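Student: As input, take start_22.cif (mmCIF, N, CA and C atoms):
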data_work
#
loop_
_atom_site.group_PDB
_atom_site.id
_atom_site.type_symbol
_atom_site.label_atom_id
_atom_site.label_comp_id
_atom_site.auth_asym_id
_atom_site.auth_seq_id
_atom_site.Cartn_x
_atom_site.Cartn_y
_atom_site.Cartn_z
ATOM 1 N N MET A 1 31.637 13.598 57.668
ATOM 2 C CA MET A 1 32.540 13.987 56.569
ATOM 3 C C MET A 1 32.435 12.903 55.497
ATOM 4 N N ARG A 2 32.564 13.265 54.219
ATOM 5 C CA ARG A 2 32.645 12.335 53.100
ATOM 6 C C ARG A 2 33.891 12.720 52.307
ATOM 7 N N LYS A 3 34.594 11.734 51.749
ATOM 8 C CA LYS A 3 35.507 11.962 50.642
ATOM 9 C C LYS A 3 34.681 11.813 49.365
ATOM 10 N N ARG A 4 34.770 12.790 48.459
ATOM 11 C CA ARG A 4 34.134 12.708 47.154
ATOM 12 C C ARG A 4 34.964 11.816 46.222
ATOM 13 N N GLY A 5 34.520 11.657 44.972
ATOM 14 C CA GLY A 5 35.234 10.883 43.966
ATOM 15 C C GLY A 5 35.008 9.388 44.179
ATOM 16 N N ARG A 6 35.461 8.853 45.316
ATOM 17 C CA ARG A 6 35.169 7.471 45.663
ATOM 18 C C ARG A 6 33.676 7.345 45.970
ATOM 19 N N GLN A 7 32.908 6.795 45.025
ATOM 20 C CA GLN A 7 31.460 6.662 45.108
ATOM 21 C C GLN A 7 30.991 6.158 46.483
ATOM 22 N N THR A 8 31.297 4.897 46.797
ATOM 23 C CA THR A 8 30.845 4.190 47.991
ATOM 24 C C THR A 8 29.359 4.443 48.278
ATOM 25 N N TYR A 9 28.550 4.268 47.230
ATOM 26 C CA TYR A 9 27.104 4.390 47.270
ATOM 27 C C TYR A 9 26.484 3.001 47.367
ATOM 28 N N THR A 10 25.316 2.886 48.002
ATOM 29 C CA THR A 10 24.607 1.619 48.033
ATOM 30 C C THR A 10 23.991 1.356 46.658
ATOM 31 N N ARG A 11 23.839 0.075 46.311
ATOM 32 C CA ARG A 11 23.127 -0.322 45.109
ATOM 33 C C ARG A 11 21.748 0.336 45.096
ATOM 34 N N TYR A 12 21.052 0.361 46.242
ATOM 35 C CA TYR A 12 19.757 1.017 46.395
ATOM 36 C C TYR A 12 19.850 2.508 46.067
ATOM 37 N N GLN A 13 20.770 3.217 46.718
ATOM 38 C CA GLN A 13 20.945 4.648 46.528
ATOM 39 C C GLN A 13 21.120 4.947 45.039
ATOM 40 N N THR A 14 22.046 4.227 44.402
ATOM 41 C CA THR A 14 22.254 4.382 42.972
ATOM 42 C C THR A 14 20.998 3.931 42.204
ATOM 43 N N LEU A 15 20.275 2.889 42.642
ATOM 44 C CA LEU A 15 18.999 2.463 42.054
ATOM 45 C C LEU A 15 17.987 3.610 42.048
ATOM 46 N N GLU A 16 17.837 4.350 43.149
ATOM 47 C CA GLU A 16 16.887 5.451 43.182
ATOM 48 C C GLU A 16 17.370 6.590 42.280
ATOM 49 N N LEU A 17 18.680 6.872 42.252
ATOM 50 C CA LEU A 17 19.216 7.761 41.221
ATOM 51 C C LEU A 17 18.888 7.264 39.821
ATOM 52 N N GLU A 18 18.972 5.965 39.573
ATOM 53 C CA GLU A 18 18.727 5.381 38.275
ATOM 54 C C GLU A 18 17.229 5.477 37.900
ATOM 55 N N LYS A 19 16.297 5.211 38.827
ATOM 56 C CA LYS A 19 14.851 5.421 38.627
ATOM 57 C C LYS A 19 14.495 6.900 38.424
ATOM 58 N N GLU A 20 15.135 7.768 39.205
ATOM 59 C CA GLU A 20 15.030 9.208 39.046
ATOM 60 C C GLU A 20 15.591 9.698 37.707
ATOM 61 N N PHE A 21 16.808 9.338 37.340
ATOM 62 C CA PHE A 21 17.369 9.683 36.049
ATOM 63 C C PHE A 21 16.496 9.176 34.903
ATOM 64 N N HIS A 22 16.047 7.916 34.979
ATOM 65 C CA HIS A 22 15.229 7.342 33.920
ATOM 66 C C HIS A 22 13.969 8.180 33.695
ATOM 67 N N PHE A 23 13.291 8.604 34.766
ATOM 68 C CA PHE A 23 12.148 9.478 34.642
ATOM 69 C C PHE A 23 12.548 10.869 34.136
ATOM 70 N N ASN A 24 13.623 11.448 34.678
ATOM 71 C CA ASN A 24 14.018 12.833 34.429
ATOM 72 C C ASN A 24 15.543 12.965 34.352
ATOM 73 N N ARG A 25 16.059 13.025 33.121
ATOM 74 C CA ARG A 25 17.483 13.070 32.786
ATOM 75 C C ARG A 25 18.097 14.476 32.951
ATOM 76 N N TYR A 26 17.315 15.452 33.416
ATOM 77 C CA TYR A 26 17.789 16.729 33.931
ATOM 78 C C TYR A 26 17.064 16.925 35.259
ATOM 79 N N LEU A 27 17.758 17.454 36.272
ATOM 80 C CA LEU A 27 17.195 17.741 37.580
ATOM 81 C C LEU A 27 17.030 19.243 37.792
ATOM 82 N N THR A 28 15.941 19.628 38.454
ATOM 83 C CA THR A 28 15.636 21.010 38.792
ATOM 84 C C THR A 28 16.187 21.313 40.184
ATOM 85 N N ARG A 29 16.212 22.597 40.562
ATOM 86 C CA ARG A 29 16.568 23.030 41.908
ATOM 87 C C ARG A 29 15.713 22.274 42.923
ATOM 88 N N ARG A 30 14.389 22.402 42.781
ATOM 89 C CA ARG A 30 13.444 21.792 43.699
ATOM 90 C C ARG A 30 13.712 20.292 43.754
ATOM 91 N N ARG A 31 13.710 19.631 42.590
ATOM 92 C CA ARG A 31 13.808 18.184 42.577
ATOM 93 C C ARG A 31 15.120 17.719 43.210
ATOM 94 N N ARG A 32 16.238 18.412 42.958
ATOM 95 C CA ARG A 32 17.486 18.148 43.674
ATOM 96 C C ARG A 32 17.325 18.287 45.192
ATOM 97 N N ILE A 33 16.614 19.296 45.710
ATOM 98 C CA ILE A 33 16.389 19.393 47.157
ATOM 99 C C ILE A 33 15.663 18.137 47.651
ATOM 100 N N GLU A 34 14.576 17.758 46.973
ATOM 101 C CA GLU A 34 13.894 16.511 47.287
ATOM 102 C C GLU A 34 14.858 15.312 47.203
ATOM 103 N N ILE A 35 15.738 15.268 46.201
ATOM 104 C CA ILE A 35 16.558 14.094 45.900
ATOM 105 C C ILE A 35 17.644 13.948 46.962
ATOM 106 N N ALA A 36 18.294 15.074 47.250
ATOM 107 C CA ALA A 36 19.314 15.212 48.261
ATOM 108 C C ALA A 36 18.761 14.682 49.575
ATOM 109 N N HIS A 37 17.567 15.146 49.960
ATOM 110 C CA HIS A 37 16.931 14.703 51.188
ATOM 111 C C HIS A 37 16.669 13.201 51.100
ATOM 112 N N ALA A 38 15.946 12.792 50.059
ATOM 113 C CA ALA A 38 15.513 11.424 49.827
ATOM 114 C C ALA A 38 16.638 10.404 50.031
ATOM 115 N N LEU A 39 17.745 10.522 49.287
ATOM 116 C CA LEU A 39 18.868 9.592 49.430
ATOM 117 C C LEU A 39 19.899 10.058 50.469
ATOM 118 N N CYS A 40 19.626 11.126 51.229
ATOM 119 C CA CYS A 40 20.610 11.811 52.072
ATOM 120 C C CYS A 40 21.939 12.062 51.339
ATOM 121 N N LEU A 41 21.844 12.466 50.065
ATOM 122 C CA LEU A 41 22.958 12.909 49.235
ATOM 123 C C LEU A 41 22.955 14.439 49.200
ATOM 124 N N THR A 42 23.966 15.037 48.568
ATOM 125 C CA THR A 42 24.059 16.475 48.341
ATOM 126 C C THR A 42 23.998 16.754 46.838
ATOM 127 N N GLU A 43 23.497 17.935 46.487
ATOM 128 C CA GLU A 43 23.257 18.388 45.131
ATOM 129 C C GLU A 43 24.541 18.328 44.315
ATOM 130 N N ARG A 44 25.677 18.626 44.949
ATOM 131 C CA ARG A 44 26.970 18.536 44.310
ATOM 132 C C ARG A 44 27.215 17.098 43.854
ATOM 133 N N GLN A 45 27.063 16.116 44.748
ATOM 134 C CA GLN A 45 27.382 14.750 44.352
ATOM 135 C C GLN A 45 26.312 14.207 43.399
ATOM 136 N N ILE A 46 25.067 14.683 43.527
ATOM 137 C CA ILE A 46 24.017 14.330 42.582
ATOM 138 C C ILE A 46 24.401 14.869 41.209
ATOM 139 N N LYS A 47 24.857 16.124 41.126
ATOM 140 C CA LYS A 47 25.355 16.690 39.885
ATOM 141 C C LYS A 47 26.415 15.758 39.304
ATOM 142 N N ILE A 48 27.410 15.342 40.093
ATOM 143 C CA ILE A 48 28.437 14.426 39.602
ATOM 144 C C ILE A 48 27.818 13.121 39.075
ATOM 145 N N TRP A 49 26.975 12.439 39.856
ATOM 146 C CA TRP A 49 26.403 11.163 39.426
ATOM 147 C C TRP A 49 25.533 11.355 38.168
ATOM 148 N N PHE A 50 24.682 12.388 38.123
ATOM 149 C CA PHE A 50 23.832 12.703 36.969
ATOM 150 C C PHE A 50 24.681 13.071 35.751
ATOM 151 N N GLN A 51 25.716 13.896 35.947
ATOM 152 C CA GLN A 51 26.693 14.256 34.927
ATOM 153 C C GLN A 51 27.332 12.991 34.360
ATOM 154 N N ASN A 52 27.779 12.083 35.226
ATOM 155 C CA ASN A 52 28.268 10.789 34.776
ATOM 156 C C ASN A 52 27.173 10.061 33.997
ATOM 157 N N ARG A 53 25.939 10.020 34.520
ATOM 158 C CA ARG A 53 24.897 9.191 33.928
ATOM 159 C C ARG A 53 24.542 9.669 32.516
ATOM 160 N N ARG A 54 24.662 10.978 32.248
ATOM 161 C CA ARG A 54 24.353 11.558 30.942
ATOM 162 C C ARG A 54 25.548 11.694 29.997
ATOM 163 N N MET A 55 26.791 11.726 30.497
ATOM 164 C CA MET A 55 27.927 11.424 29.661
ATOM 165 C C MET A 55 27.671 10.025 29.083
ATOM 166 N N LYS A 56 28.048 9.815 27.822
ATOM 167 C CA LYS A 56 27.786 8.587 27.082
ATOM 168 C C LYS A 56 26.317 8.468 26.645
ATOM 169 N N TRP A 57 25.450 9.419 27.021
ATOM 170 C CA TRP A 57 24.182 9.633 26.340
ATOM 171 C C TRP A 57 24.347 10.911 25.524
ATOM 172 N N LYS A 58 24.353 12.080 26.172
ATOM 173 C CA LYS A 58 24.350 13.364 25.483
ATOM 174 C C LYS A 58 25.720 13.711 24.885
ATOM 175 N N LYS A 59 26.616 12.727 24.743
ATOM 176 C CA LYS A 59 27.829 12.860 23.961
ATOM 177 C C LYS A 59 28.152 11.661 23.072
ATOM 178 N N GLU A 60 27.198 10.739 22.897
ATOM 179 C CA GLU A 60 27.327 9.555 22.040
ATOM 180 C C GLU A 60 26.027 9.089 21.368
ATOM 181 N N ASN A 61 24.857 9.425 21.922
ATOM 182 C CA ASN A 61 23.614 8.681 21.715
ATOM 183 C C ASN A 61 23.345 8.254 20.268
ATOM 184 N N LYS A 62 23.550 9.161 19.311
ATOM 185 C CA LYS A 62 23.452 8.896 17.888
ATOM 186 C C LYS A 62 24.803 9.221 17.246
ATOM 187 N N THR A 63 25.016 10.504 16.937
ATOM 188 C CA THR A 63 26.289 11.090 16.525
ATOM 189 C C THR A 63 27.155 10.191 15.625
ATOM 190 N N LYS A 64 26.918 10.251 14.308
ATOM 191 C CA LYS A 64 27.894 9.838 13.298
ATOM 192 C C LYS A 64 29.265 10.398 13.703
ATOM 193 N N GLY A 65 30.261 9.528 13.899
ATOM 194 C CA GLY A 65 31.581 9.926 14.373
ATOM 195 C C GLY A 65 32.235 10.927 13.422
ATOM 196 N N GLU A 66 32.632 10.451 12.241
ATOM 197 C CA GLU A 66 33.368 11.255 11.281
ATOM 198 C C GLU A 66 32.372 12.027 10.404
ATOM 199 N N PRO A 67 32.520 13.351 10.233
ATOM 200 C CA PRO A 67 31.622 14.142 9.406
ATOM 201 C C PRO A 67 31.815 13.788 7.928
ATOM 202 N N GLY A 68 30.765 13.240 7.316
ATOM 203 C CA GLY A 68 30.686 12.757 5.956
ATOM 204 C C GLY A 68 29.322 12.079 5.844
#
Kindly return the structure encoded in the file as structure tokens.

Tutor:
Amino acid sequence: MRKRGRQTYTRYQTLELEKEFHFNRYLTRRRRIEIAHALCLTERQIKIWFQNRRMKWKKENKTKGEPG
């Protein structure tokens, strides 16, 4: 059993997510199956970590704040 929300991930586990995200900032069905297996994570929690990793990119990266 796992409780979600509370990360409790290894630096390594998150490192492989970070190397994976750096290469590919969107994950496919197939690649998630590989990823889930690889880090013994689940696609749901990978979605959460990837969603976190791309928040503050795909909602800040350039984006002039005030329209003008």

Student: Could you pull out the alpha helix (DSSP H) residues of stretch 34-68 of chain A from DSSP and send them as a PyMOL selection string?

Tutor: chain A and resi 34-38+43-54

Student: Would you mind listing what lies within 10 Å of residue A:50 as a PyMOL selection string, with only C-alpha atoms counted and same-chain residues fewer than 6 positions away left out?

Tutor: chain A and resi 17-18+20-21+25-27+43-44

Student: Quick one: distance from atom CA of residue A:37 to atom CA of residue A:55 in Å, one decimal?

Tutor: 24.4 Å

Student: Work out how far atom CA of residue A:45 is from atom CA of residue A:2, in Å to one decimal.

Tutor: 10.5 Å

Student: For this file, the PyMOL selection byres (((chain A and resi 6-12 and name CA) around 12) and name CA) selects which residues, as a list in words?

Tutor: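 This file, filtered by the PyMOL selection byres (((chain A and resi 6-12 and name CA) around 12) and name CA), leaves residues 2, 3, 4, 5, 13, 14, 15, 16, 17, 18, 19, 20, 38, 39, 40, 41, 45, 46, 48, 49 and 52 of chain A.
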
Student: One number please: atom C of residue A:67 to atom CA of residue A:53, in Å, one decimal.

Tutor: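 Atom CA of residue A:53 lies 27.3 Å from atom C of residue A:67.
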
Student: What would stretch 51-65 of chain A look like with N, CA, C and O atoms restored, written as a compact mmCIF listing (two decimals), keeping the file's coordinate frame?

Tutor:
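Contents of rebuild14.txt, as written:
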# COMPACT_ATOMS: atom_id res chain seq x y z
N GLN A 51 25.72 13.90 35.95
CA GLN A 51 26.69 14.26 34.93
C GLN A 51 27.33 12.99 34.36
O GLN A 51 27.35 12.82 33.14
N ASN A 52 27.78 12.08 35.23
CA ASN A 52 28.27 10.79 34.78
C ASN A 52 27.17 10.06 34.00
O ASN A 52 27.44 9.55 32.91
N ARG A 53 25.94 10.02 34.52
CA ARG A 53 24.90 9.19 33.93
C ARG A 53 24.54 9.67 32.52
O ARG A 53 24.13 8.86 31.68
N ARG A 54 24.66 10.98 32.25
CA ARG A 54 24.35 11.56 30.94
C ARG A 54 25.55 11.69 30.00
O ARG A 54 25.34 11.76 28.78
N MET A 55 26.79 11.73 30.50
CA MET A 55 27.93 11.42 29.66
C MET A 55 27.67 10.02 29.08
O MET A 55 27.08 9.18 29.74
N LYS A 56 28.05 9.82 27.82
CA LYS A 56 27.79 8.59 27.08
C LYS A 56 26.32 8.47 26.64
O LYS A 56 25.99 7.55 25.91
N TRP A 57 25.45 9.42 27.02
CA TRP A 57 24.18 9.63 26.34
C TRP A 57 24.35 10.91 25.52
O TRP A 57 24.58 10.86 24.32
N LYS A 58 24.35 12.08 26.17
CA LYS A 58 24.35 13.36 25.48
C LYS A 58 25.72 13.71 24.88
O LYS A 58 25.94 14.86 24.51
N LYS A 59 26.62 12.73 24.74
CA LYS A 59 27.83 12.86 23.96
C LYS A 59 28.15 11.66 23.07
O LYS A 59 29.23 11.68 22.48
N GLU A 60 27.20 10.74 22.90
CA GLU A 60 27.33 9.56 22.04
C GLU A 60 26.03 9.09 21.37
O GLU A 60 26.10 8.36 20.39
N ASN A 61 24.86 9.43 21.92
CA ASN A 61 23.61 8.68 21.72
C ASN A 61 23.34 8.25 20.27
O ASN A 61 22.92 7.12 20.05
N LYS A 62 23.55 9.16 19.31
CA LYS A 62 23.45 8.90 17.89
C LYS A 62 24.80 9.22 17.25
O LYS A 62 25.63 8.34 17.06
N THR A 63 25.02 10.50 16.94
CA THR A 63 26.29 11.09 16.52
C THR A 63 27.16 10.19 15.62
O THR A 63 28.07 9.53 16.11
N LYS A 64 26.92 10.25 14.31
CA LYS A 64 27.89 9.84 13.30
C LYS A 64 29.26 10.40 13.70
O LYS A 64 29.39 11.61 13.85
N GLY A 65 30.26 9.53 13.90
CA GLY A 65 31.58 9.93 14.37
C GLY A 65 32.24 10.93 13.42
O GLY A 65 32.37 12.11 13.74
